[PDB]
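Colleague: Please see the structure below; I have some questions.
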Amino acid sequence: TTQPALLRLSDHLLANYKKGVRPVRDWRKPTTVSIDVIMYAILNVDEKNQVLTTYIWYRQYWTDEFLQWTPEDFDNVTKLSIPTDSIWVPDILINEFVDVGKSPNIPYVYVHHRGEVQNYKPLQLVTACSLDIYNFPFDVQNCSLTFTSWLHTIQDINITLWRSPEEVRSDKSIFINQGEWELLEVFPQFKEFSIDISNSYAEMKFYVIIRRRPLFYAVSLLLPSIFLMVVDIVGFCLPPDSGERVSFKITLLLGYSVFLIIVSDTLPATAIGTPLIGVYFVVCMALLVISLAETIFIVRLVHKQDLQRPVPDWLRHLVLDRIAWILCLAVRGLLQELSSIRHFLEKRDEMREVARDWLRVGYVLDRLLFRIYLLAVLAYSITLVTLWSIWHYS
Amino acid sequence: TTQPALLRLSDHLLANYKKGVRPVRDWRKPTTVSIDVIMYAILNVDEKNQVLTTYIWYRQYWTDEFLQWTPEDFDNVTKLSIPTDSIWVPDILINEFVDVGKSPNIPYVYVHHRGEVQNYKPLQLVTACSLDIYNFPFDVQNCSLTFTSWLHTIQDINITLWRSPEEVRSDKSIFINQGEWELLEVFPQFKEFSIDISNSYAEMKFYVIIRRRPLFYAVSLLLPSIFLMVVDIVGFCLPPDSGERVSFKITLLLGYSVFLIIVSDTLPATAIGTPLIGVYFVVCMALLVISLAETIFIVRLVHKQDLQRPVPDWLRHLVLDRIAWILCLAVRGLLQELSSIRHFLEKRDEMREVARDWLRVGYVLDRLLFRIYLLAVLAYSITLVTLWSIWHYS
Amino acid sequence: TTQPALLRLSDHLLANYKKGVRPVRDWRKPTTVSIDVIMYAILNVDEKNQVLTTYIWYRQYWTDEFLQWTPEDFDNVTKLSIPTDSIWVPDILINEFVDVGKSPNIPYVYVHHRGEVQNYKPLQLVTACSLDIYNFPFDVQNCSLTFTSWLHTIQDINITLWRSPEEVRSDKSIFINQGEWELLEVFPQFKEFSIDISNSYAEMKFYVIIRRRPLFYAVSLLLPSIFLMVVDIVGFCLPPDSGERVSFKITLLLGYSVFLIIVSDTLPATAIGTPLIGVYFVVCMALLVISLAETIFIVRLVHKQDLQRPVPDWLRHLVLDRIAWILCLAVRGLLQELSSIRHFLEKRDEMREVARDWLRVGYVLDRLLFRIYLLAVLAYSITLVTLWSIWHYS
Amino acid sequence: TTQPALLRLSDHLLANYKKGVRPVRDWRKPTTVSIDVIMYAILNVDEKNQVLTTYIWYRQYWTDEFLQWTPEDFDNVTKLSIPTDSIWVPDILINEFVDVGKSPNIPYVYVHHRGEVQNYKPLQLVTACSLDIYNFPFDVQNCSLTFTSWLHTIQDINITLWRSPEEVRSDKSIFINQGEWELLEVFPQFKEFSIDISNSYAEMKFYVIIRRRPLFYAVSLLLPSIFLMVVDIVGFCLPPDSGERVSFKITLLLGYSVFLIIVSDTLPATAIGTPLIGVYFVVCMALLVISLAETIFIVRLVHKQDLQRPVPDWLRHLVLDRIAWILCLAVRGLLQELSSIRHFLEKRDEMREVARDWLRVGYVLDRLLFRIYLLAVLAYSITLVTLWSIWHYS
Amino acid sequence: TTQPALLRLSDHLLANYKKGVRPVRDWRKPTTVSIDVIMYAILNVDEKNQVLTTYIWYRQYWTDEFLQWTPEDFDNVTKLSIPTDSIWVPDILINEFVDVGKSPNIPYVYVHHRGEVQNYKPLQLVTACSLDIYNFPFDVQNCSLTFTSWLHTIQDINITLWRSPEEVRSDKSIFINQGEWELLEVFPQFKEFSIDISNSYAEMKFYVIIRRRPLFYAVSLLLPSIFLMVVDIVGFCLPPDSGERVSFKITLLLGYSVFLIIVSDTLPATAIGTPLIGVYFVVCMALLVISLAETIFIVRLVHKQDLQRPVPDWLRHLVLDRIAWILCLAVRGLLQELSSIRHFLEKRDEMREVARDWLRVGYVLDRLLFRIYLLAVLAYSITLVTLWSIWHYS
Ligand SMILES: *[C@@H]1O[C@H](CO)[C@@H](O[C@@H]2O[C@H](CO)[C@@H](O)[C@H](O)[C@H]2NC(C)=O)[C@H](O)[C@H]1NC(C)=O
Ligand SMILES: *[C@@H]1O[C@H](CO)[C@@H](O[C@@H]2O[C@H](CO)[C@@H](O)[C@H](O)[C@H]2NC(C)=O)[C@H](O)[C@H]1NC(C)=O
Ligand SMILES: O=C1c2cccc3c2C(CCC3)CN1[C@H]1CN2CCC1CC2
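Residue numbers (this note's numbering), protein chains in the order written: chain A, 10 to 403; chain B, 10 to 403; chain C, 10 to 403; chain D, 10 to 403; chain E, 10 to 403.
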């Protein structure tokens, strides 16, 4: 021989190698591939369509008895690059595909001098995992990735791991943070399933566990919710007989009904169960309609509508009690004329003294309903805080 | 001979095999493929464009007389992997395509030692089926998938089933739940049609039947609909002569007219027939304009506009009836001066006693219209419930 | 010879067949292709960009003198499948392309024993046709599809029809209904054009004619338009001196100005001419500003602003006419005191009797303007109906 | 020889033709391609991203000395079709690419008997040109297309034009009108640039000039702008002491503040300079806040707040001037009682005569501010018209 | 030999060249590629998904010992074009890929007569860099591009630079301005990293630094923010006892609550930290609720609700102080009748003189709260300006 290059090694291997035949001497021994993954980013989690988008890195290796030389007498060449096309490559796919992601192709593989080839490639994957929105800002997710052969049986292609499974779980090395989702754990599991007798299919399940960072939503839905409670505490200080107190409490009720609709499109509500913040917005209405349905009771109670004098059953029940429970011939002709004038004024006087008494009752009930409304907001806001400190601690 | 591998089998088959010729000995015998499907997910059901998106799995098998060896003397090899490119593959397409979905390709097939090849592949499909939105939250759909050869006639390619058709119907095995659509049944049917004499085309129709889960829409359109009825029950308790009762009933009517428009874009209305909830929102207006068009009648009836005394035809018709039907020289010079003063006061007195009487009539009609409005809402809400319990039961 | 298969026919044809050369014996005889189409669906009609999207089916056939055997002595084989790659295939494209639609490829053709090949393929096409929105819900469209060779001249490739043109026009066989567009007619036409001397290019024009179903828009723009006229008929029943009648007529005018903007994005207005419903919304404003600009005239007319007595020119012109046109020392010291008291009351009396008279005039004009406003709506709504019955009939 | 076909010409050329070598005898003579374009449609002009989308047609031709036969003795064949793959094809790209448009491929070229090949192909292109939004409805644009070789130098590939440049400018032949953009001119220009010594690169610049049709925006932003000026001319006719005049002028000011925001997303504002209609909407506010800030001055001026009598400095300045500038023991015991009654009435009389005088001043200023507001709108609307007639003329 | 062309050079090289083998004589010497980039445009910076889109140009060169001739005796040919397919091409990818951009392919390379090939290609890239929105209109970004081999180790492929790194930093030559992002610097850096022992991977990091032009957002969020402060300065000039002052201050508060929501979707808020303009909108509310919560205090203070006389503790504290701190038998029978009349009038007089005194106090507090509100806006607006002049200067 002569010394052209290392390329006469590359002629020695790929002269009679056939691309399609599965590379083994005896047809009973299965080819054993060995995979490994690393999470890189989490592009999109679509709650409505149950579709999760993920870019990962990937590598795998398998042995074969056709690409096998002796390293001596080929000028000590140990490894080698060979293009991906001219090598038998196994088909390993994800069961949970719903679409084909766009990923770069890598046109080279390694080949060691025992037959061990290696294959690095990245791949974007769009899968379909089941999500739960039972507790919306504070939620973990548990989506699956299932690597399997698509055609070959378990006496044909078998799947193990590159590294130990304890080392895969704590591999948070290149993951992109600052991106709405925090990666916790990548847990592998082997499992064999059979859809029929004498047809077994090996598979390998990776479980990813991600947790949403709740900080983005404590300003987008907590801030306008408590803000339309601090207005109604200001709103009760209007005296009820003015006329704008009814017009005040309907404007912001309109103003909050716009808020429930313009947010609900950006907050998803998928299958069984509603998110638990949706209950905590209905209670925001019941402290707002009851605030509306008591000023209707006072305006009806304090008005000038030629009404009767208030009842002494409910005068000493209210006025003299609640200041200590919580709060604190020509002569007779003109005499006929003058007395008729006084009769036209004294019934004008009588109609105003009656209207003072209901108006006196109407302020005592307004201060009394103002306190228990102030205690209903105060006892509700402390229950909201103590369910936030339990989660935040540990 | 020698013993290189099993690959000398792979050289024995694919040495003179021609890819394009249809593989049969006698040209009169038709090649019979045999298909099978399993639903996996339902990605999108677009009501407006009548387009349905679905990811399924798929397998098929056919015989041929060129790939046929004896298993003895090839070291007992029974099955084999061969790349998909070097084999005649029949063209089986869906008639209802409108676009090409993106699906992974599988580069291998099996070949048994009688000639039976097999072919597993997944495929995303976007079809065009006719949808009905006649009853929007409670609806089944009946979309079709039609597998057929695209070119060959029925004496060239014929289609049967892998499994029995009773086993295909009850195959809900890998379907993704928790996803807006519940799969009920996949029903197969064979049918032969001819577009011309001496040109018959076999086909195979799969019917899918899906049912929408109505739970997502009982919070997005039922809750604000009944909520703007519980405000108007509070709204009638304002006394009509105050002035804000007209301003109250127009604000929420504005507030509901925003609601009909911001929802109608997310609820589709396609061909013939409107959805039956659209009728049940027009009746929500007729209990809201009539609630508006009666407070206009009371405010016109109770006002100070130098009006005449109310008519005794309609005084004893109303006031004395409806409390039992439902509800319950210097002397004469000053005498000229004083009597003229009393005349200026007694007509001031007379104009207020007239205005008390209409004001008395105006409250009796307000309580009477409040009851039959309270019975119109009550008799309408029970009809809404009993049409929900009939569907929910069985 | 021996009897391997029919495949020795497939070796007899494709042994020396050259793919690129146009297949004819004498170079002067033109190759004549023959096309045919069937509409399948109409995916999208974008009015703004003048782009129309359509999925059709398609077939064509041509003769050639190289693929020509005798059916005797090849075991009577009449037709044959040959892959699409190894055959000269003519380039027939649409002139109106603006993009490339995604369509499945069909890898087989037929070949008869005279040389006639056939070629079935479906193809999605996005074209650019000119649309008119002159009458928006009731409109036909006339878009063109032009099949032509892209390179070859008319002495090289010539185009005729498969079927008679009378049979193509009435082929509504597989078209998907229930989809916003109704197909009427597919009309073919042959035409030869030359862009230069000695360079003629054959082409074939198909005209499609589609008609929009107007039912979807009689609920999305007719219903809120007439609904904000039935409120203003209720709106005039408020007495004008109350104070909310000005506040009533501005709220719904705000409420309709929101409606004109939130709809106009979903209703297109392209080149020359506005759609004729846009005129019928401006007239909806002129019956709404004039309804606003007359209650401003009454409130200015009926008010307490120390005004003068109304003019007897316009008292007998109005009050006594329009009830028949349409509607129906100590003594003198106290005498100095008492007469000064009466002078302070009689000018209080005089200022109210003046304010009764304008207030009397103000109600007669309000009933008179209420009738001719009720006749202006009534005479306008019957003109709207009779332009709907002319189109609906025939 | 024999007479198989014209195909022995196609064997004579492509037997030893090598695809990759640049086809010239002497390596010093440059290959000269010659291009030409025709605009077809303008799909999208994205102002925000500075990206312009265009579909054009394209053709080019070049000579080579390898594809060259004598037309005699090959049965007089002058031209020929050859597939695009087996020919050296130059790389001509656009410098302004930002993405790859989707365009059909044409698999054939012509070859004449001197060596001149020809090549027709259409191509969608997305470029990046700089746009100016300095005057939004009335604007021309000047975007560039630069055809150049991407690798070869100017002694390797050189670019000229097919036709004369005067004939290219006035080629508006197949352009799709009725589509928001009117094509004016396509102007070619040759230019040679060098990025380094001894490395020159030929290029060819086409300038397109397009003009927006402004008709679509005279109904989407001119009509609601002048419409909320004809309401405020009606709005001043309310008398100021009524109470709704303040509530009237705030509702439509709210109503126009919604309008500025819901439009500004559909009207772009890119780099340096704001569009000149944005100035003409700020002036629409200054005629609307000043209309608001003068009714605040009148309501403060006309009110009952136990105020003092108006000053005679400003009484004869206003009231007596502006009607000609623009507008036009028992006895004494009862005497103690009666005089005290008159004292309680005469100060009630005095407080109303003071309130008549400010109320008299308040109407004269309201008519005076109504005229100069009516002249400020009138003098502004004529300036708006005369800037529209200058552009519309020529 | 003869003289066919230069093409016998192209036959001399590519006769025995093998495409897949890495082209070096001795397998120990690494192949050294050398890259260079130029920014062209910045298409999109998506803050929410942390994805940045960029179109760049790119070139690289490497040596090999197989493509090497002597320029003498081949008619002095120095360089040459060879198609890209038939040459070993190294795999250089970006680590930060999340998708595959669409870019044109260049089918030619140069080859010099020493072995140096060259390769020009453009490529669109979508990467994933970490963004900070800590200060929203005034922000620089620091995103990375990392060119590396994907498979080969550092004794196999090594990466250096074409030009000096000082020349790459100041290369702003073809960058498209007028496009929301200004390019500052492109800084290169070499770094070697090892993921394992005996496996080192060379890489090359380019840092891009871009700065947002803040001019687009000084009209979209600064202008309506200060505009709803100039209305409330007009808003306090209404006298508080009128009745519309409460209705005025709630309409624009509704009007600004719409503004905070319709803008917050177009302004992103990603990971840790809120943008600093979000603090400067909360302070816009605290100058707006406090403006609301003081007119509630005045309306409660000035009202007719049969209240008591104001306290002389707080009369001389306020009224007599703040004008210098800041602001400036028949006889007795009628005597029984007449004195009873005077008693009915003098308590009518007394109830109005009490209501004058609170009304006098209520105006002095309104002018006093008007000044310190005018100083709170003035002292806040100057702090906003001086934080704009520090950034604008240098
Ligand atoms: C659609 O538009 C074309 C416009 O070209 C119509 O074309 C005319 O068709 C008639 C026959 O119906 C020919 O005699 C004319 O010469 C055509 N016009 C031109 C300019 O060539 C076509 O009829 C239209 N479709 C319908 C249904 O009216
Ligand atoms: C579009 O912009 C180009 C800018 O380069 C204009 O270019 C100039 O064109 C004139 C001839 O019309 C040349 O003499 C100048 O040298 C060009 N300028 C430069 C900087 O090279 C072009 O005219 C513009 N189009 C129109 C219609 O005005
Ligand atoms: O893909 C991978 C990859 C995939 C799976 C497991 C592991 C890796 C590593 C590191 C070891 C663990 C590196 N990498 C890439 C990083 N660099 C770019 C391509 C690889 C080599 C260099």
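Note that CB positions come from ideal geometry on N, CA and C, so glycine has one too.
1) Can you tell me where the alpha helix (DSSP H) with residue 415 of chain B in it begins and where it stops?
2) Spell out whether any CB of chain E is found under 8 Å from the CB atom of residue 84 of chain A.
3) Give me the subset of the stretch 245-259 of chain D whose CB atoms are less than 8 Å from a CB atom of chain C, sorted by chain position.
4) Would you say residue 151 of chain D touches ligand 5, meaning its beta carbon is less than 7 Å from a heavy atom?
5) Beta carbon of residue 45 of chain A: closer than 7 Å to some heavy atom of ligand 3?
6) Below 6 Å CB to CB, which residues in the same chain sit around residue 43 of chain A once its five sequence neighbours on both sides are set aside?
7) Roughly how many whole angstroms lie between the Cα atoms of residue 188 of chain E and residue 395 of chain E?
8) Quick check: does the Cβ of residue 166 of chain B come within less than 7 Å of any heavy atom belonging to ligand 1?
9) Just to confirm, does residue 68 of chain A get its C-beta within under 7 Å of one of the non-hydrogen atoms of ligand 3?
10) Kindly say whether residue 5 of chain C, judged by its beta-carbon, lies nearer than 8 Å to any beta-carbon of chain B.
11) Can you tell me whether residue 292 of chain B is helix, strand or coil according to DSSP?
12) What three-state label does DSSP hand residue 34 of chain B in the structure shown?
13) Give a single yes or no on whether residue 218 of chain D has its beta carbon closer than 7 Å to a heavy atom of ligand 2.
14) Does the stretch 343-352 of chain C come within contact of the stretch 345-360 of chain D, defined as at least 3 CB pairs closer than 8 Å?
15) Residue 181 of chain D touches chain C at which residues, Cβ-Cβ below 8 Å?
16) Do you know how far the Cα of residue 28 of chain D is from the Cα of residue 96 of chain E?
17) What does residue 212 of chain E touch in chain D if you count any residue whose Cβ is under 7 Å from its own?
18) Can you round the beta-carbon distance between residue 256 of chain A and residue 253 of chain B to whole angstroms, since I take them to be within the 8 Å contact cut?
19) What do you get for residue 258 of chain D, buried or exposed, if any count of 16 or more other CB atoms within 10 angstroms of its CB means buried?
20) Any C-beta of chain A sitting closer than 8 Å to the C-beta of residue 111 of chain B?
21) Would you list the residues sitting across from residue 205 of chain C in a DSSP beta bridge?
22) Taking contact to mean at least 3 C-beta pairs separated by less than 8 Å, is the stretch 113-124 of chain D in contact with the stretch 110-118 of chain E?
23) Output needed in chain order: residues of the stretch 312-340 of chain D with a Cβ under 8 Å from some Cβ in chain E.
24) Residues of chain C with CB closer than 9 Å to the CB of residue 353 of chain B, please, in chain order.
Modeller: This is what the structure gives:
1) Here chain B has residues from 10 to 403 only, and residue 415 of chain B is not among them.
2) yes
3) 246, 247, 248, 250, 251, 252, 253, 256 and 257
4) The model on display carries ligand 1, ligand 2 and ligand 3 but not ligand 5.
5) yes
6) 70, 169 and 171
7) 28 Å
8) no
9) yes
10) This structure leaves residue 5 of chain C out entirely; chain C is present only between 10 and 403.
11) helix
12) coil
13) yes
14) yes
15) Here the premise fails: no neighbours, minimum Cβ distance about 15 Å.
16) 15 Å
17) Within 7 Å Cβ-Cβ: nothing; residue 212 of chain E doesn't reach chain D, min ~27 Å.
18) 6 Å
19) buried
20) yes
21) C/208
22) no
23) 312, 314, 315 and 339
24) 351, 354, 355, 357 and 358
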